[PDB]
Every structure is written in C-alpha cells, then in structure tokens.
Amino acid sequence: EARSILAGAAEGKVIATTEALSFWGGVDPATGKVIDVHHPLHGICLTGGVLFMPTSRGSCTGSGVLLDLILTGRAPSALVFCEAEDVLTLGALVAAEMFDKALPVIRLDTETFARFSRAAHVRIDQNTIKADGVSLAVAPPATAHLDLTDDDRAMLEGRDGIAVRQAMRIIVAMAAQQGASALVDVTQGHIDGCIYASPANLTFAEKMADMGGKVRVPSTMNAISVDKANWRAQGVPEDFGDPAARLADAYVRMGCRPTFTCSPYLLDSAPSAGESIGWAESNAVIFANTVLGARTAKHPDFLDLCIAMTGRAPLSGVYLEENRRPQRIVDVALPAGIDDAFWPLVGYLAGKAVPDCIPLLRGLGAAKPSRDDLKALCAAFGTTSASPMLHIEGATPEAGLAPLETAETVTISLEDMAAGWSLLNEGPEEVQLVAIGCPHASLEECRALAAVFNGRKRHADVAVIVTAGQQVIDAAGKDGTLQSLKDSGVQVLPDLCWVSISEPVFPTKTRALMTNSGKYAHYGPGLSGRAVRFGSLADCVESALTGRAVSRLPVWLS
C-alpha cells in the first residue's frame, strides 16, 4: 500500500535509512546536510533527494527546519515514511497552507518501504510513485471524519479572525492524517518555535502575529536563542540576535508568557495528572506525560501556537488512555553503585531500543530516581525516539497500565550501557568548557552543583556555564546558590539552552566540552563543531577544577 499524506510531485535520488532523524540538530538548514554525528546519513546532503526513513525522532523544531529548507530550495524533494509521523509532516503542511510550497509526503507499508529504499531513483505525482520503474498506486489523503463542535466550525469559518481560522485549518488537517475523530480542549500551552533555528521560524511567527494571532489559553514559552536582556552586551552578532530577539518578541505579543525555559514543568503553572495540555518541546512533552501524568501529544513547532490560539488539539495519540498503555517492554539492567549519569544514559538507550512506540522500563523501581534524574532521562529519551511518553515500573504514576497484548520484550544490558557510554564520549580528555542545564537546570540541580564545587573555584582555562530558567535564577539569588556558583567562577545564563546557544556566548576558544546532559551529548558535536564528552555531575565539576575529563567507564560499569 501507498498512502498520500500531503499531495505533490517530486523526483530525485533515493536517500534511505532505517534510523529516524531529527531535522533540528540533525540537518543543517544552511546547507541541507545531515549533521547528526551518530546517524548513518551523516555528511549526506539531502537537497533534491527523496528521503526514505521510517519516521522522525527528536526535536519538535524539525518542522521549522524543514519549512526553511523548503523556502530556500535546499529541502529534500519528498519524504517517504513507513509509520506515523508528525513533525516533518506538519512542517510541509505549513509550507502548503501558508507558503506555497508543496512537498509530497507518502506513508508506505513496511515491506514496500524496504523494497523502495534499496532503489536508486524515485518519482512521485498525485497518482503514482515509481521506484526505478515499479509504479505503485498512491491512495488519496485520508478524509477528515471529525466531530466539529459549533465553536470549532465557527473558528473554521473565520468568526474569530483569519489567524484563528488558519490555526484551525492546520489542526483539522493534522487530526485527519492522525485518523482522529474529534478535537480535545487543552487547558494551557507551551510554545517551542520561539527558538531561532532558522529564518522561517521568525517568518511564521510574524505572519501569524500580523494576521491578529493571540493565544486563548495560558501559554508559556520554551528556550530562546538569545539571552533576551543581555545579548547585545554579550557581543552576539546583530545579524543573529536581532531576528532571534524579534522571534521571542512575536510570541510575547501574541500573549505568551515570557518564561523562556525548556523546563516549564518546574514552574508554578505546571500541570497535574490527567490534565489535557498542548505542549511542544520534546523533553517537556515526555516529562509531562511520563512523570506528571498529564496528557499531551508531542506537538511540532507551529502546531503548538495553533493549539494555543484555539484551545483545541487533535484527540489522538496519548490524549487517549488506550494509547498510553505500554507498547513494548524493556528489561533494564540495574548495576550496583549507579549515580546521576545512569539515568540520561538509560533514557538515551531506551529510545534507541524503542524508537517508535511507548516503552515500559522494568527493573529500576528500587533505584528511586529523583525528579532531576527523570528529567535527564526523558530529555535523553527524546533525542533517540519519536514517542511522547514512557513508563518506568515503580517510579511513574501510570506504569501499572496493562501493556498492550502486542507488546514485545527487549533488554538493555550492561554491554549496551558500556557501548552507549563510549558512543557519547568521542572526544579528548582536555576540555575548555563544562555545559550544564540541558534541559534548563532546576534549583535542586544548581544547589547540587554548588555542593559538589565545595567552595573551590574552576580552572582558569575551563569555562563553566549553566543554563536555567529565569525563575530558577531568581530563586538561586535568594537562597545564596547563585553567588556561590559565581564564587566558583560559574556563569548562570537565562533564556538560552545549549541547543540554542551560539558564539561568542559559547566561548570560541572551545575545542572540547563536557556535559552531564545525554541530550546535549548527542546533539552537541553537530551543533557546535566541538568534541563532546559525557559524564556525571561530579565528572563535570572535576573537569572544571582540573581542566580535564578522565576517559574511563563509570563505577557502575567497571
């Protein structure tokens, strides 16, 4: 079978892979080249080709990256998946709805996906897809068999303005390709497209704001690409900082709260269990479903604003209880003597083992991970998987849900962990930067960082930078944690995250960095061009003191 998701026609090289790719962090919008150093397609330029991959993974920001690639002509000619997909499909949907450029997206059956992937040339139209001259019928897009309340139809008819109508059109089209049957109310939103990942990110926000866009539910804002109050004094180039600040300005104007944080679940406004929200940012989505028991799909950038403007989201995916049941079982080895570095590594490896469905992690309940531990795990899980949630037996409030009767069992062994640890430590021992706070550090994290520092001060050659939300930095000033960190030579930066940081705030002298973030360990090398080392919090501080990160497997892997 061949299903048309978004109509259109294309032709070019078959660029095929069996592993999902995040377009934000994995594809350079300036060149169209794969920059994920851990992906098989690394170094390949995707422009003009027909990309064959099972689905997407990682960042909600891939929609803005694809939209920019479409606007500059550097995009692939088309996208072929073999499973459900939202992020790239939404990006191509925004391109057709608001920007003229039709990129075709087709979902295949698995075996015709494997057959067509080993091909050399592929062509598409509204009718057919050819793999060297093996024409196959493409079934038309799925009919929207959706409920629309009277207020839904009224918004869709333009009774709340053109911006609200354009939001509803995108939501209804996304609901149609997701096979939904209705929309669902959301109580709050979290906008992720406020990162300046590409010029198109700003173009979309200004176009929605100039059409009258305003959010209907309380909506927070994710990390942005400037220290909003200080980027001019920091020497950030005007060519970058001005549109980056204007992008954040556009969403504040549309009524979003200027929280500028990728850990909104740490704010006083965090949702509770059973609450239906509309969140983007993959780590926050995963944390909201996994840890808090709230409900939100992993909404791509741009769709988050649409949901916030309407207060409505497609009733599909993990909004429904049946779709929250574990879809695969993962038996994780529990070695003795685990520290904080265990949890991001497990999340990273769990996503590689379960990249396309919801896992239940077994064998870890007695370990009692902190909220920060689960925070690091969910963030790392997001980088290697597409799923919006996971379960941890004996840790997360919904882990008792009956696994689906299709659920298979896989393992994460000690050998799996040693390979992953080495995978994330492809760098030297000399480091000039310690990167903490991806996602944004909690107050407990900043206090734990100061406790490990024990009043010492960093090596002069090693910068130590912590990214956190403004509200955490405000609280760290009250209880004295901030001054203690600055006593040790640590810089605490608001608004920015390591995903969005750039020179010169990212010190240009840096050749290698160490981080305690599994997420940034994966994305860091391609985003920064530097070598990246991964370790525990104390491994980071020791690197900060000595200038050096000892190349070694951890205590619990020896």
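Don't overthink the numbering: it's just position in the shown sequence, from 1.
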query: Higher-B stretch (mean Cα B-factor, as the entry records it), 145-153 or 128-136; finding: 128-136
query: 510-518 or 39-47, whichever carries the higher mean Cα B-factor; finding: 39-47
query: Highest recorded Cα temperature factor - choice among 373, 109, 445, 301; finding: 109
query: Given 76, 347, 311, 427, the residue at which the Cα B factor reaches its maximum; finding: 76
query: CA B-factor ranking of residue 541, expressed as a third of its chain; finding: middle
query: Cα B factor band for residue 216 (lowest, middle or highest third within the chain); finding: middle
query: B-factor third for the C-alpha atom of residue 319 within its chain; finding: middle
query: Ranked against its chain, the third holding the CA B-factor of residue 462; finding: highest
query: For residue 383, the third of its chain into which the C-alpha B factor falls; finding: lowest
